[PDB]
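J.: let me start by giving you these chains from the complex, positioned as in the assembled structure:
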Amino acid sequence: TXXXXXXXXX
């Protein structure tokens, strides 16, 4: 997506 998961590292 990369989900970037944004890692969000959250």
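T.: Looks like it arrived, so ask away. Residues are numbered from 1 along each chain as shown, chains lettered A, B, ... in the order given.

J.: please make it C-alpha for all contacts and neighbour counts, starting now.
T.: Will do.

J.: for burial, what's the neighbour tally of residue A:1?
T.: Residues near residue A:1, counting by other CA atoms under 10 Å, number 5.

J.: now do the contacts for it.
T.: Residues near residue A:1 by CA atoms under 8 Å, 6 or more residues apart in numbering: none.

J.: then chain B, please:
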Amino acid sequence: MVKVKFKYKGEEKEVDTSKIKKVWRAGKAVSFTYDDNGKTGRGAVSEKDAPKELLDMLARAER
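T.: Following on from the chains above, chain B is added here:
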């Protein structure tokens, strides 16, 4: 003389086992507090990634 390396707010940090104060068991994580010179700082790591000296400290705080 054990080091503990943890991510705080997406920022990498670490500190000596000595400098630590409070160690709580929070599910799969070890939550804790330490003395960063004058101030108090807070942090946590997963129980899986933890050095043995930390986990000993945790068993000691459970009596």
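
J.: and for residue B:34, the neighbour number?
T.: Residue B:34 has 19 neighbouring residues, counting by other CA atoms under 10 Å in any protein chain shown.

J.: surely it is within a strand?
T.: Yes: counting by DSSP: H, G, I helix; E, B strand; the rest coil, residue B:34 is part of a strand.

J.: SS state for residue B:56?
T.: Following three-state DSSP, the label given to residue B:56 is helix.

J.: A strand includes residue B:60, no?
T.: No: under the criterion used here (three-state DSSP), residue B:60 is helix, not part of a strand.
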